[PDB]
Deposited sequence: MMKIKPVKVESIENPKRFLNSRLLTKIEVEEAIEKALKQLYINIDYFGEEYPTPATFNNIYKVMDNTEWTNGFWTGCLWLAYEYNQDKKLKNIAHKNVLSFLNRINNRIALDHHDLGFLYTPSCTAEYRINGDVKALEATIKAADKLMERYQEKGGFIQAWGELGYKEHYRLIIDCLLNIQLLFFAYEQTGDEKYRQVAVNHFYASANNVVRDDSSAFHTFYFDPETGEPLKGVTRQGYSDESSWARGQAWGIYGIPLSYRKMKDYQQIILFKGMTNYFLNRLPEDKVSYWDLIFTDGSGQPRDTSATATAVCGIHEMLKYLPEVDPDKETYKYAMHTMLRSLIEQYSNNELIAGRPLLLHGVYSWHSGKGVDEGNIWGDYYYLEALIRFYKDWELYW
C-alpha cells in the first residue's frame, strides 16, 4: 500500500503566483464564450466525424473514430453543454456516443492504454449528465476491455475502472485500479518527483515497438504532459482511495512542475527548457495541471501552508492560457488553444493546437465557472 519516498521541493518564489489577480466571473465567462464560438464553427466543419489529434498550421483535419483522441472532441461538446444547456450539443455528442458504442462492440482500433481517454469524456460524460443507458453500456464494455488487458497516463485510464466498480459493485474493478495506481506511482515517477520517460523496449528480446517513438526530450528529461498526467491523475485517484500518501506525491509532482515554469507560467514541452531555449511550449500540459490542482484543492486541508499558493498558481496559469494562448481567429478548423506539442520526436503536432489541450483548457474554465460534476 506504500508509495516510494519522493523529494518534495518547496515552491520557489511563490509570490510570482500569490501576487496574480484571481480570475473573475466575467473573465472566465468571456473565455468560455470565445471557445464556444470556435466550437460551433467546428460543428459544421467536423459534422459527425472528428478532429485529428493535432492541428496542421493551426487547422484540424477531419477523421473517423479510430484514434486515441476522439473522446476529447465529444468532451468539448459536453463541457459546452454544461455551460449553455443547448440540446444541439447534446444531440451531436450523443451521436458520438453511439459511434463509441459501435467502436467498442466491433473492437475497432482499440489499444487498452487509450480506453479511459476515449470513453470517459464521451460516454461516461453523458451518463453523468443525463444517465443515458447506451452511454453506460459503452463505458462498462470499455472497462471490461481494460480488465482483460506501465505509463503515467494510466493514472487517468484507471478512472474508468473506478467508475465501473461504482456502477456494478464488483470489487475486481477496484482491485485492478488500486493495484495499477501503486504500480504506476512507484515505477513511473522518479525519486525527485519528475515523471520517468523512456523509449520502451521488449523486456525479453529488446525489440522496440514501432511506429511510435519516445515521449520527452531524453531519458534524463522531464516531459511536461507526463508531469501533468501525474498532477491530474493523482487527485483523481485520491478521490477513490483516500491514501494521504497520494497528497504528498501530488505536492512533489506539482511543486516540481511549478518550479520549472517560465516567466508567463506556461510550461515548455519538456521541463528542462525555459525562457531563451527557443523550444516550443506545450499548453496542453499546463491546461491539464490546472485541472489537477483544481481537483486536489477540493480535498487539501486548509492547514496546508501551500494551499493558497496552489490556488493562486492555477489562477496564474489559467489566466496566462486565456490571455496569451487561447485562439482569436474564428475560422473553421481552428483549435481552442494554440502552441501545444503532440510528439516532438516524431515531428507530429509540434507547436500546434491539439484536442486534449482544447478539452483540458475548456475543462479548467468550466471547473472555475461552475460546480462541475466530474466525467472522470
Deposited-sequence stretches lacking C-alpha coordinates, listed in sequence order: 1, 151-171
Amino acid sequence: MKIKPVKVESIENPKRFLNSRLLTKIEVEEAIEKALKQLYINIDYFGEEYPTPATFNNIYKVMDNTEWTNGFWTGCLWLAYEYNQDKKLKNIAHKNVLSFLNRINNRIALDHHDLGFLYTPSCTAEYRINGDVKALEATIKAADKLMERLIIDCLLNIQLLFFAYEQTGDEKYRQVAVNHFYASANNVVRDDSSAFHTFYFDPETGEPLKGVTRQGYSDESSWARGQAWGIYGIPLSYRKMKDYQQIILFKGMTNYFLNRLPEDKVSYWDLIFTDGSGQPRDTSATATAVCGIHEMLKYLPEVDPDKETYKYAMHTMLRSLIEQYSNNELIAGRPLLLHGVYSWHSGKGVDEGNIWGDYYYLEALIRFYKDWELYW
From here on, numbers count along this sequence of modelled residues.
If you average the CA temperature factors over each stretch, which comes out higher, 158-166 or 226-234? 158-166
Mean CA temperature factor from the deposited coordinates, higher in 308-316 or in 37-45? 37-45
From 118, 261, 297, 185, can you pick the one with the highest C-alpha B factor in the entry? 185
So if I compare the CA B-factors in the entry for 266, 125, 147, 253, which one is the largest? 147
Would the CA B-factor of residue 280 place it in the lowest, middle or highest third of its chain? middle
Lowest, middle or highest third: which one holds residue 95 when the chain's residues are ordered by CA B-factor from the entry? middle
Taking the values exactly as deposited, rank residue 245 by C-alpha B-factor within its chain and report the matching third: lowest, middle or highest. lowest
Could you say whether, by C-alpha temperature factor, residue 239 belongs to the lowest, middle or highest third of its chain? lowest
In terms of the CA temperature factor given in the entry, to which third of its chain does residue 79 belong: lowest, middle or highest? lowest
